[PDB]
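Only one structure is covered here, and it is reproduced in the block below.
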Amino acid sequence: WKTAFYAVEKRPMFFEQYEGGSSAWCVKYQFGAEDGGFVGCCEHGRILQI
Amino acid sequence: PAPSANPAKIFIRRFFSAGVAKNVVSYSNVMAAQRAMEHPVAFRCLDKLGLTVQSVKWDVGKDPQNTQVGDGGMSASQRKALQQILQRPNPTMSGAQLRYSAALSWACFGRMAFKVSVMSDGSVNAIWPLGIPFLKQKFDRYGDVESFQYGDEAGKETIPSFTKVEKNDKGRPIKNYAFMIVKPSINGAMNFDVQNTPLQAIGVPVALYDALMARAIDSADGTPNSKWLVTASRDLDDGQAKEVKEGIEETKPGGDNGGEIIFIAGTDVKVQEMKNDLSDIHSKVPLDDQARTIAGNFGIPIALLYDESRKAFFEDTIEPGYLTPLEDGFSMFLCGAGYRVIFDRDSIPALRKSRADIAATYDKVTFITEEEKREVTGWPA
Amino acid sequence: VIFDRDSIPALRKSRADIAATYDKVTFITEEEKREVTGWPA
Amino acid sequence: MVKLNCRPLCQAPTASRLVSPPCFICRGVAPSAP
Amino acid sequence: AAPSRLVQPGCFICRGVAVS
């Protein structure tokens with residue numbers, strides 16, 4: 001797995017008070033994250049079926 | 001002592017996420033630092049700054065502000081061994097090369113990292129600098145970094161930080177750790193902040209510089225280097241017009257009738273001499289200005305690229321931008337209180353005359369004891 | 001909290017000269033000759 | 001703006017079977033007959 | 001890759017006595 005499939009992370013999970021759309025009586029929070037993944041060389045794995 | 005509760009918890013909440021081993025330098029900055037080593041002026045200032053800091057000589061010594069009578073020179077043998085490594089680091093490298101690479105990485109990224117191999121009793125065994133582009137670190141829950149990851153898949157040495165590591169009964173560590181010396185910036189975020197590098201504010205003029213030099217190298221080859229655009233008239237009998245060409249042509253240096261006049265009987269030919277200025281190909285005026293900007297941003301007097309400017313460059317940017325932070329970083333966690341790493345000022349060849357006269361004039365004063373006359377110009381005791 | 005002015009590398013020359021000329025003054029006690037250029041006591 | 005909220009007064013059970021890998025057979029025995 | 005089979009040896013015992 002260390003070379004058959006890679007995991008991509010760019011920017012971790014984050015929150016922030018969304019200034020704008022938020023008034024003196026109601027808050028609007030906004031969270032986000034940026035990540036992805038792909039296969040490496042797929043001659044390194046194997047699958048069993050029926 | 002340590003209360004373990006810093007106000008840096010404002011970022012691990014949501015601005016950051018624990019246990020992720022984030023990289024310390026953005027890849028754009030690494031590429032900018034890599035290509036800045038190929039640029040003529042950017043490399044020149046870089047290797048100058050690296051060279052000067054590399055020249056200073058290290059030593060461990062008693063610190064001046066030694067109010068801690070409970071000296072932290074715990075063994076006086078660890079301090080002896082610490083002197084050994086500062087003069088002879090990890091094999092196949094000297095202390096000079098360590099100073100050069102440390103200052104270079106600090107100038108390029110605003111960061112300094114190292115690795116120690118303390119044997120079992122506070123006696124450091126060797127020092128290794130760490131490649132800053134591909135060094136990743138992971139933070140704790142409260143406010144700080146605990147270990148550094150060095151390598152993607154095979155390299156997985158989660159070398160602990162100096163913060164959490166197996167300490168001796170007095171406080172000295174027993175196993176490896178790293179330093180991660182950082183340069184401060186706005187809005188705090190001691191370790192979560194963005195880097196602070198001159199490379200942050202030199203993107204535009206270097207782009208201007210390479211663009212103009214691209215114009216320069218391009219128009220150098222491509223503009224004809226010929227003169228005397230001669231043109232014939234529209235009744236000239238090719239068979240004798242060629243005689244006109246060979247007549248004009250056979251005047252070159254090392255020609256039979258060269259330097260004599262050209263006589264054309266009838267059918268007036270007209271020559272015009274091309275200017276071919278080619279003396280402003282690189283745009284001299286808007287090129288030195290870009291060179292000055294990428295120089296001033298690194299903190300180097302233009303005159304260097306007279307002795308007054310050299311003394312200024314030594315005691316205004318190099319000293320309080322590379323020498324003081326590196327010295328304070330090592331002094332913070334490499335040895336106990338009361339003792340710290342020092343470098344000799346008199347080892348700088350540009351400051352020798354200044355120190356000399358300062359020493360001479362102080363000698364003339366009388367309402368000052370001898371010991372304070374010493375300490376004001378080095379010379380501890 | 002105090003920071004020592006003589007730690008400024010550019011200020012060393014003037015402090016050196018200002019101390020030398022003060023040494024030549026005579027109608028002034030030693031203690032005030034000190035405090036005028038640092039050096040508390 | 002009403003936002004409803006419902007919680008079945010009564011509940012109910014949930015049964016299921018526990019089929020398990022059978023006493024196996026092997027595909028092809030050497031000493032045999034057509 | 002196309003799904004390849006995983007044929008294994010069966011119950012192999014004898015080479016010298018055919019069954020009646």
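The way I read the labels, and the way they are meant: chains A, B, ... in the order of the structure tokens, residue 1 as the first residue of every chain, and ligand 1 as the first ligand shown, with later ones counted on from there.
Within 10 Å of chain E, and using only C-alpha atoms, the residues found on chain A are residues 42, 43, 47, 48, 49 and 50 of chain A.
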*Selection: 10 Å around residue B:96, only C-alpha atoms, excl. self and same-chain fewer than 6 positions, as a list in words*: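 That gives residues 51, 53, 54, 55, 56, 57, 58, 86, 87, 88, 89 and 102 of chain B.
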*Could you check how far atom CA of residue B:330 sits from atom CA of residue B:71, in Å to one decimal?*
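Calculated distance between atom CA of residue B:330 and atom CA of residue B:71 is 17.2 Å.
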Compile a residue-level contact table for chain B against chain C at a cut-off of 8 Å, reporting for every qualifying residue the shortest atom pair and its distance in Å to one decimal, with only C-alpha atoms counted, rows ordered by chain and ascending number, as JSON lines.
```
{"residue": "B:315", "atom": "CA", "partner": "C:9", "partner_atom": "CA", "distance": 6.6}
{"residue": "B:358", "atom": "CA", "partner": "C:16", "partner_atom": "CA", "distance": 6.5}
{"residue": "B:361", "atom": "CA", "partner": "C:16", "partner_atom": "CA", "distance": 6.3}
{"residue": "B:362", "atom": "CA", "partner": "C:16", "partner_atom": "CA", "distance": 6.2}
{"residue": "B:364", "atom": "CA", "partner": "C:20", "partner_atom": "CA", "distance": 6.5}
{"residue": "B:365", "atom": "CA", "partner": "C:20", "partner_atom": "CA", "distance": 5.5}
{"residue": "B:366", "atom": "CA", "partner": "C:23", "partner_atom": "CA", "distance": 6.7}
{"residue": "B:367", "atom": "CA", "partner": "C:30", "partner_atom": "CA", "distance": 6.2}
{"residue": "B:368", "atom": "CA", "partner": "C:34", "partner_atom": "CA", "distance": 7.7}
{"residue": "B:376", "atom": "CA", "partner": "C:6", "partner_atom": "CA", "distance": 7.3}
```
*Looking only at helix (DSSP H, G or I) from DSSP on the backbone, list the matching residues of stretch 157-371 of chain B as a ChimeraX atom specification.*
/B:198-201,203-220,241-249,285-296,302-304,307-332,349-364,370-371
*Counting only C-alpha atoms, which of B:23, B:331, B:67, B:168 gets nearest to chain A?*
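Under the stated criterion, the closest residue is B:23.
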_Distance of atom CA of residue B:206 from atom CA of residue B:41, expressed in Å to one decimal place_ = 8.9 Å
*atom CA of residue B:107 and atom CA of residue B:125, how far apart in Å?*
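Interatomic distance here is 27.2 Å.
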*Can you check which residues of stretch 47-262 of chain B DSSP gives as strand (DSSP E or B) on the backbone and send them as a PyMOL selection string?*
chain B and resi 58-62+111-112+114-116+127-129+135-139+145-150+159-161+167+173+178+181-182+229-231
Write out as a PDB file with N, CA, C and O atoms, in the first residue's frame every residue belonging to chain A that has an atom at most 10 Å from any atom of chain B, counting only C-alpha atoms.
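The resulting part26.pdb:
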```
ATOM      1  N   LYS A   2       2.048   1.213   0.580  1.00  0.00           N
ATOM      2  CA  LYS A   2       2.914   2.386   0.590  1.00  0.00           C
ATOM      3  C   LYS A   2       3.300   2.848  -0.807  1.00  0.00           C
ATOM      4  O   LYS A   2       3.757   3.986  -0.961  1.00  0.00           O
ATOM      5  N   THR A   3       3.128   2.004  -1.820  1.00  0.00           N
ATOM      6  CA  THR A   3       3.442   2.386  -3.188  1.00  0.00           C
ATOM      7  C   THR A   3       2.383   1.981  -4.201  1.00  0.00           C
ATOM      8  O   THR A   3       2.506   2.367  -5.368  1.00  0.00           O
ATOM      9  N   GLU A   9      -2.751  15.244   0.225  1.00  0.00           N
ATOM     10  CA  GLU A   9      -3.293  16.264   1.112  1.00  0.00           C
ATOM     11  C   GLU A   9      -2.629  17.597   0.800  1.00  0.00           C
ATOM     12  O   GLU A   9      -1.398  17.688   0.741  1.00  0.00           O
ATOM     13  N   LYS A  10      -3.447  18.622   0.580  1.00  0.00           N
ATOM     14  CA  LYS A  10      -2.969  19.964   0.278  1.00  0.00           C
ATOM     15  C   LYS A  10      -3.189  20.938   1.423  1.00  0.00           C
ATOM     16  O   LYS A  10      -2.272  21.678   1.794  1.00  0.00           O
ATOM     17  N   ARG A  11      -4.386  20.954   1.997  1.00  0.00           N
ATOM     18  CA  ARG A  11      -4.713  21.892   3.060  1.00  0.00           C
ATOM     19  C   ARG A  11      -5.661  21.210   4.040  1.00  0.00           C
ATOM     20  O   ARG A  11      -6.741  20.753   3.645  1.00  0.00           O
ATOM     21  N   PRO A  12      -5.291  21.119   5.314  1.00  0.00           N
ATOM     22  CA  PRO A  12      -6.086  20.341   6.272  1.00  0.00           C
ATOM     23  C   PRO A  12      -7.445  20.974   6.525  1.00  0.00           C
ATOM     24  O   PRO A  12      -7.759  22.069   6.056  1.00  0.00           O
ATOM     25  N   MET A  13      -8.267  20.247   7.281  1.00  0.00           N
ATOM     26  CA  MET A  13      -9.570  20.765   7.673  1.00  0.00           C
ATOM     27  C   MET A  13      -9.424  22.104   8.382  1.00  0.00           C
ATOM     28  O   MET A  13      -8.551  22.279   9.237  1.00  0.00           O
ATOM     29  N   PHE A  14     -10.284  23.056   8.023  1.00  0.00           N
ATOM     30  CA  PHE A  14     -10.261  24.362   8.661  1.00  0.00           C
ATOM     31  C   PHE A  14     -11.686  24.865   8.823  1.00  0.00           C
ATOM     32  O   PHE A  14     -12.563  24.548   8.017  1.00  0.00           O
ATOM     33  N   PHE A  15     -11.896  25.663   9.864  1.00  0.00           N
ATOM     34  CA  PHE A  15     -13.132  26.396  10.085  1.00  0.00           C
ATOM     35  C   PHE A  15     -12.801  27.880  10.077  1.00  0.00           C
ATOM     36  O   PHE A  15     -11.635  28.262  10.131  1.00  0.00           O
ATOM     37  N   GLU A  16     -13.821  28.720   9.960  1.00  0.00           N
ATOM     38  CA  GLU A  16     -13.635  30.154  10.146  1.00  0.00           C
ATOM     39  C   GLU A  16     -14.999  30.826  10.244  1.00  0.00           C
ATOM     40  O   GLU A  16     -15.946  30.424   9.564  1.00  0.00           O
ATOM     41  N   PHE A  31     -16.591  25.853   6.987  1.00  0.00           N
ATOM     42  CA  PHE A  31     -15.458  24.952   7.098  1.00  0.00           C
ATOM     43  C   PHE A  31     -15.113  24.389   5.729  1.00  0.00           C
ATOM     44  O   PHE A  31     -15.907  24.452   4.787  1.00  0.00           O
TER      45      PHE A  31
END
```
Near-residue B:346 list (10 Å; only C-alpha atoms; drop same-chain fewer than 2 positions) as an mmCIF file with C-alpha atoms, in the first residue's frame:
```cif
data_model
loop_
_atom_site.group_PDB
_atom_site.id
_atom_site.type_symbol
_atom_site.label_atom_id
_atom_site.label_comp_id
_atom_site.auth_asym_id
_atom_site.auth_seq_id
_atom_site.Cartn_x
_atom_site.Cartn_y
_atom_site.Cartn_z
ATOM 1 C CA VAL B 56 33.260 33.603 11.553
ATOM 2 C CA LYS B 57 34.869 31.347 14.165
ATOM 3 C CA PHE B 343 31.821 33.833 17.969
ATOM 4 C CA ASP B 344 34.777 36.199 18.044
ATOM 5 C CA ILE B 348 36.128 39.456 11.233
ATOM 6 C CA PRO B 349 38.920 41.122 9.208
ATOM 7 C CA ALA B 350 36.853 44.231 8.407
ATOM 8 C CA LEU B 351 36.277 45.156 12.072
ATOM 9 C CA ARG B 352 39.918 44.883 13.187
ATOM 10 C CA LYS B 353 40.820 48.539 12.627
ATOM 11 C CA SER B 354 37.601 49.731 14.285
ATOM 12 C CA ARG B 355 38.206 47.569 17.360
ATOM 13 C CA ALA B 356 41.824 48.750 17.423
ATOM 14 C CA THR B 377 35.461 45.657 23.767
ATOM 15 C CA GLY B 378 35.300 41.892 24.237
#
```
*Which residue, B:190, B:174, B:103, B:300, has the smallest gap to residue B:317 when you use only C-alpha atoms?*
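When distances to residue B:317 are compared using only C-alpha atoms, the smallest one comes from B:300.
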*Can you list, as a ChimeraX atom specification, every protein, DNA or RNA residue that comes within 7 Å of stretch 74-79 of chain B when you count only C-alpha atoms, leaving out same-chain residues fewer than 4 positions away?*
/B:83,122-123,336
Would you write out those residues with N, CA and C atoms, as a tab-separated table (two decimals), in the first residue's frame?
```tsv
chain	number	residue	atom	x	y	z
B	83	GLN	N	32.34	21.85	22.40
B	83	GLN	CA	33.37	22.55	21.65
B	83	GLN	C	33.89	21.70	20.51
B	122	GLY	N	24.15	13.95	28.01
B	122	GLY	CA	24.27	15.32	27.55
B	122	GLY	C	25.45	15.60	26.66
B	123	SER	N	26.26	14.59	26.34
B	123	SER	CA	27.42	14.75	25.47
B	123	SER	C	26.97	14.58	24.02
B	336	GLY	N	23.38	24.34	28.98
B	336	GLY	CA	22.68	24.93	30.10
B	336	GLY	C	22.93	26.43	30.21
```
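Contacts from chain D to chain E at a cut-off of 10 Å (only C-alpha atoms) map to residues 25, 26, 27, 28, 29, 30, 31, 32, 33 and 34 of chain D.
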Residue selection dump (N, CA and C atoms) as a PDB file, in the first residue's frame:
```
ATOM      1  N   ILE D  25     -17.182 -29.146   0.218  1.00  0.00           N
ATOM      2  CA  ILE D  25     -16.828 -30.158  -0.769  1.00  0.00           C
ATOM      3  C   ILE D  25     -15.561 -29.671  -1.474  1.00  0.00           C
ATOM      4  N   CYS D  26     -14.798 -30.611  -2.035  1.00  0.00           N
ATOM      5  CA  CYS D  26     -13.599 -30.283  -2.800  1.00  0.00           C
ATOM      6  C   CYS D  26     -13.813 -30.641  -4.265  1.00  0.00           C
ATOM      7  N   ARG D  27     -13.434 -29.724  -5.154  1.00  0.00           N
ATOM      8  CA  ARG D  27     -13.667 -29.867  -6.593  1.00  0.00           C
ATOM      9  C   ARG D  27     -12.679 -30.860  -7.186  1.00  0.00           C
ATOM     10  N   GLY D  28     -13.135 -32.091  -7.400  1.00  0.00           N
ATOM     11  CA  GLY D  28     -12.338 -33.083  -8.089  1.00  0.00           C
ATOM     12  C   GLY D  28     -11.487 -33.931  -7.169  1.00  0.00           C
ATOM     13  N   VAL D  29     -11.818 -35.214  -7.064  1.00  0.00           N
ATOM     14  CA  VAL D  29     -11.034 -36.175  -6.301  1.00  0.00           C
ATOM     15  C   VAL D  29     -10.279 -37.051  -7.291  1.00  0.00           C
ATOM     16  N   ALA D  30      -9.036 -37.392  -6.954  1.00  0.00           N
ATOM     17  CA  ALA D  30      -8.228 -38.163  -7.890  1.00  0.00           C
ATOM     18  C   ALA D  30      -8.791 -39.577  -8.044  1.00  0.00           C
ATOM     19  N   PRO D  31      -8.833 -40.420  -6.991  1.00  0.00           N
ATOM     20  CA  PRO D  31      -9.381 -41.768  -7.187  1.00  0.00           C
ATOM     21  C   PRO D  31     -10.895 -41.710  -7.308  1.00  0.00           C
ATOM     22  N   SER D  32     -11.392 -41.898  -8.526  1.00  0.00           N
ATOM     23  CA  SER D  32     -12.818 -41.791  -8.799  1.00  0.00           C
ATOM     24  C   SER D  32     -13.144 -42.648 -10.017  1.00  0.00           C
ATOM     25  N   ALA D  33     -14.381 -42.541 -10.489  1.00  0.00           N
ATOM     26  CA  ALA D  33     -14.867 -43.291 -11.635  1.00  0.00           C
ATOM     27  C   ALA D  33     -15.862 -42.437 -12.401  1.00  0.00           C
ATOM     28  N   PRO D  34     -15.936 -42.594 -13.732  1.00  0.00           N
ATOM     29  CA  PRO D  34     -16.869 -41.803 -14.540  1.00  0.00           C
ATOM     30  C   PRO D  34     -18.329 -42.162 -14.278  1.00  0.00           C
TER      31      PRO D  34
END
```
